[PDB]
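Taking it in order: structure first as C-alpha cells, then the write-up.
Neighbour counts run over all protein chains shown; Cβ positions are idealised from the backbone, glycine included. What follows draws every value from the coordinates through simple rules; no lab data is involved.
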Amino acid sequence: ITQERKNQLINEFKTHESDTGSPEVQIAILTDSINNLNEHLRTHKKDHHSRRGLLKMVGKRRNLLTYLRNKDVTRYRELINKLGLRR
RNA sequence: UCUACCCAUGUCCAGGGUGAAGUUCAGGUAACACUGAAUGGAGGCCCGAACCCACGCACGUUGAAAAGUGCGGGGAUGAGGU
RNA sequence: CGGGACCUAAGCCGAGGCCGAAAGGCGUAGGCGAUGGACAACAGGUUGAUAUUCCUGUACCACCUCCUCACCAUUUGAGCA
RNA sequence: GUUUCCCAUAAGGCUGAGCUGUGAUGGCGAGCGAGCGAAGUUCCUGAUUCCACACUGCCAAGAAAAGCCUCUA
RNA sequence: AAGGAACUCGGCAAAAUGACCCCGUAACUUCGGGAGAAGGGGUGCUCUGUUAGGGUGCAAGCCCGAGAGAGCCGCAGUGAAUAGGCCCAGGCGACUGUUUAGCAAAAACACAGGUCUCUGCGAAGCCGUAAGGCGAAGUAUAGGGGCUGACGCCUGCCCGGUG
RNA sequence: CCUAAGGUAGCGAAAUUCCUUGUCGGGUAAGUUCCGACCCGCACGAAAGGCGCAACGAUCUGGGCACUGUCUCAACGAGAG
RNA sequence: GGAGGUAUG
RNA sequence: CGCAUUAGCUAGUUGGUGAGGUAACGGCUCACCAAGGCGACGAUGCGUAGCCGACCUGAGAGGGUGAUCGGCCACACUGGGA
RNA sequence: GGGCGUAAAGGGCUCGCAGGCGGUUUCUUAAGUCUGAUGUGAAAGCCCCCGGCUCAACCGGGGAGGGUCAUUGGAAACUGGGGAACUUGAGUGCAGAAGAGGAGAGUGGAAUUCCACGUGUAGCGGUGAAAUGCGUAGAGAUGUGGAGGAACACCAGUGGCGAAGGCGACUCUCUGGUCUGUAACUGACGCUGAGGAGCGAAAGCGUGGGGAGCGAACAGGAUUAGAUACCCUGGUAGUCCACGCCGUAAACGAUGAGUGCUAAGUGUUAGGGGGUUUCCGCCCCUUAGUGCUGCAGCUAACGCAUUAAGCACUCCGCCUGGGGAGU
RNA sequence: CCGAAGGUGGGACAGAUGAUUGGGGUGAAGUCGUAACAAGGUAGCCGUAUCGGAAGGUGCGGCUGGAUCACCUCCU
Ligand SMILES: [Mg+2]
Ligand SMILES: [Mg+2]
Ligand SMILES: [Mg+2]
Ligand SMILES: [Mg+2]
Ligand SMILES: [Mg+2]
Ligand SMILES: [Mg+2]
Ligand SMILES: [Mg+2]
Ligand SMILES: [Mg+2]
Ligand SMILES: [Mg+2]
Ligand SMILES: [Mg+2]
Ligand SMILES: [Mg+2]
Ligand SMILES: [Mg+2]
Ligand SMILES: [Mg+2]
Ligand SMILES: [Mg+2]
Ligand SMILES: [Mg+2]
Ligand SMILES: [Mg+2]
C-alpha cells in the first residue's frame, strides 16, 4: 500500500479533519491491504508466511466492524456500503 | 458374382429412458473451497422394433430347405448393419 | 426422367521410360472409371397393352440468325476471354 | 493473400423453407347418367420431410474434379 | 382334481413375471453404479366438469390435461394382444466386441493398460528376381516385432546351460 | 553334501489334489456336488504374471422363492397327418 | 575456577 | 441418573380458522390454511431406574441405599376396548 | 481440598465462531446480591426436654430443626442491562531501525563425478589386517576445456528473523511481522478460545521431470562359533523439482496463552535520550530481545530465580499405579 | 371410520454360539542368540521406511534424557 493511496483513503473516510483513529479510517486501510494482499497471493499461492499476515488483518477488520456495529449501528451500515462488504 | 480383409463413394438405425463434462443462479467465505438448484446433452450408456446375429428347445432329418421353420434369445449410435 | 456427346474417387490402362532368362512387371504425361459432383417441365387427359415421352394447357435450358429494336465501339478500341 | 489507415455496430449485401397473387374464363370433383356436375372454406393436430450439417457442441478432425464467378495474358 | 421338482445328468421344456403411476429399495463399490434391486400399492365406468392447469386463437371454438372427492358394476378393470421372473453364493474372463458359413460362442481371440526389444530415415520390418512399393506423404511422444492383458497391491532367487 | 540358485510374498483338495466321497464347519431327513476352513501343494506361484476385484456375461457351478403335466399318473378337447 | 557451543553365568 | 465411541430431531409435528369431543383448557381429534417448533443452557437415541419422607456412612461437603413404616405413582396371565 | 520442567499429565503451532473472563469516573435500573414481614416445608424418623414398661431395647407427650421455596416492601457497595465521559489496555497516524521471515525470477565461485585431449607409468583404492573392486585396453597423479546435479566455505557470533516446523552464496520483483520515539487521532474496540480452518522437520505415497554426491533394499569381500550387523568395494528407491496427498517427531525449554507485582551483578543484539566534544569514543539513562551468575520466594531433590519452576488473576489443554495398550 | 393381535417384506439394533485364526497375560529350573544398562564394547532414544530366526540392522531427519579428549564464548 503506497503512501499516496493511504492518504486518499484516510482523507476520504475520516470522521473529521484530524481523525486517524476512527474505526471507519482503520477499516478502510485494512480493506485495501486485504485486497492488495489477496492479489499478491493469487500469484504466489505458496507464500504461507505472508498469508498468515492476511489472517491477522482479516481478524482485525472483523473486530473493528464488530465494534462499530455495536457502538452505533447507523455508522456501521454506511461504511460497508461505501466499501462494498458483505458483513 | 460365395466368403476373409482392405480401398473409394453412398445409404440405414421406430420409439422411450438415464443424465457426464461444461455453464448459470442461489447460498457460503477475507478469498477460495464447499453446498443446493437449474441449464447442458456425454456414452464401444440402458430398454426396445426395423436391420444384423444365432443361445436353448422342439420339429424337420429319401426335408418346404444339400443348414430351414416355430417358440423364446443377443446386439440394436457403434470395434454398428448394408 | 436415367446414361453418353460434363466432372472426377478408389482402381485400371499407359506414349516415352525403369526393371526383368523369355513371357512379362512397374510406372510419368495422358486417359478410362459412379456407388459421388454438375445439370432445363409441370398439371390434367388418354390405350387392351406406353407415358414427366403421346394429346391439351402453361413453362423452362443451351445454341443459331433470313429478321426487328436499343445501346456501345471501331487500334488505351467496344466486346470476348 | 498480407500490412497500415477510415468508417460502423448500422449499412449493405449473399442466401432462404415456405406464404400471396397469377397460372385458373382451366382442370379435378360427391354423384347423376360417353356426357353432366354441387360445395370445394376455416379450425385443431402435425412430421422420420424441408429451411439445414443452419445453430450449438465434440474429437476421431471429417474426397476430388468440372460446371459457376472473377483476374489479367 | 390333490401334491408342487418327488422329474432329470441338469427345473430341459413349460409355467409363472411383464405395460403405466406411486411408495420403497440391501451387501458391496472403481462412488458412476448395483437399481426396474428387492418388496408393496393404484388402474374400469358415471357425476362433480368444455376441471386445477396448459397450447392455439382477436373471440367464439378447438385440442392437451393431472389430482382428488362422491357414486355404480363384475369372479377379475394395462378385463383382449403386445411388454423383465427374482434372490443368495462361488469359479473364469475386467468390460462392449470377435470366433470354428453347415455339431464347439466359450474360460478361447481382441481389447484399453504394462513391459521388453529393434529402428537416426534410402529407418527397422514387410512384398517383389529387380524396378517399384507398404511403412509414411510418418521421423524415436514415431514405426515394427515378442510377451502380458482393465483397475488395486505386488512381481522374489538364479547369468551355470541356451539365446 | 550338491547346485547357477535352491520357491519369497500371496494363494492352496484349486479349471491345478492321484490317494479322495481327505478332515472339520455350514447347508439337507438324507449332500461323491456346493460353501468356509485346514495344509502331506501326487504335480500352485509371481508379466506362458501372483493375489484381490465393483460393473458386465444366451459363461460354468451350488442353494432358496415364485411357478407349474417335469413328475406321482395320467385324463379330456382342438387342428395337421 | 566453573557451564554452554563447535558370548554367557 | 449414565453415554457424544448417541448430533441433529419433529410432519398433528409447531401455530392459526372452524367444527367435533371432554367434568374441563388444550392438536385432545378431524377438515382447511401457513412453515413452524425443539436442540451443544445436550434435543434425539441407547442404557438404567418406581419417586419421596427417610435409612447407612462421613468432621463436613459429600457418597451409597429407596427393605420394614408413611405419602404419591404404576401394574394385576399378555394386548386392546368399552 | 490435588496436580502437569525431570515422578502420570501443556495440545507441534497459529487464526478464530460460540462460550468464559474483562481498565477508570459518574448517573440510572434493580437480573444476580443482601435484608424486613408473611406463607409453606404432613405423620413417623434424627436432635433436645420430660414421662410409662422391674432396667435397656421399645412406647408416648411437648418442642426444636430443616428450602439456591413463594407473595409482598426496602438498601445499591459488587456483578449484569442502559446512557454520558476518561486514557493507561488495545489499535491508527506520523518519524526512524535491524533482520538466513516468506514467494517468484535470475546470476556467481569452490568442490565431487563424468566426457575429450596433452604430459606421463605401474600400480591405485581400501583396512585393525586384508580382500572384493579399478588399472598396460594406459589407470591413479598432472594441465586445459566442456557437461550436469546438489549444497552455499570464510563471514558465523548461548548472533538475527519467524507462531511453530524452519530460514545461511549474490542481485532484483512481490510481501508479512516485530522493535524504538512521538503524543496527532479512535476511546475498552481487549484476553483466552472447545468444536472448526490453516500451517506443520524427516521418512513415505501419486503423476511427470531430474539424478553429480550420498545412499534403505540388494550383490560381493572381510570379520565371526554364527554375522541376515558393525568394517570394505559397488549400489536401487530416495535425497532434488512442479502439483497433489500424508499430518507424524526427544514437533523439547520434556515448561500453554494473557496480564501485573517482586534485590542485584554481568555479557550481547536493534533503537532512543543525555553527558565533556567536529568526532572517535568513554561514562550515564532508557525500551524491547537474547545468555550467565545470584537474593527473597518456590521445589522431594536436582534446580528456577524480572526470559520464574516466585506472588497473584482470566481462559484453554491434560493427568489419576505399572502392564494389557496407543491395542 | 378408527382399531389389538396376526401375516408378508426389507432394513436397524442387541445378545448367544461357531470350524478356524490372531496376538495378550501368567507360569522352580527349557532352547537360540545378547538387544539395553559402563563409551554396554557400533552412544542411546523418537518419528518414518525397508530388511532379518529373535532380540534387532541400516537409511533420512530430530533430541541429549551421550562417555573420552582437544578448541571458542559465558560466569566465579
Ligand atoms: Mg449400447
Ligand atoms: Mg437392446
Ligand atoms: Mg437384407
Ligand atoms: Mg450416379
Ligand atoms: Mg432330485
Ligand atoms: Mg429319481
Ligand atoms: Mg428354460
Ligand atoms: Mg469376456
Ligand atoms: Mg459379449
Ligand atoms: Mg458351427
Ligand atoms: Mg452353436
Ligand atoms: Mg493371455
Ligand atoms: Mg520373475
Ligand atoms: Mg503356471
Ligand atoms: Mg513367468
Ligand atoms: Mg491371467
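Within region A:42-75, the set of residues being among the basic types (K, R), within 14 Å of RNA strand B (Cβ to nearest atom) and touching a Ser or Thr at 6+ places or on another chain (Cβ under 9 Å) comprises A:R61 only. Inside region A:49-66, residues that are of a type outside the set (A, V, I, L, M, F, W, C), more than 6 Å from RNA strand I (Cβ to nearest atom) and over 16 Å from A:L79 (Cβ atoms) make up a count of 1.
Of the listed requirements (1) within 13 Å of RNA strand B (Cβ to nearest atom); (2) in contact with a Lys or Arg (Cβ under 9 Å, 6 or more places away or on another chain); (3) of a type outside the set (F, W, Y), A:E39 misses just one: (2).
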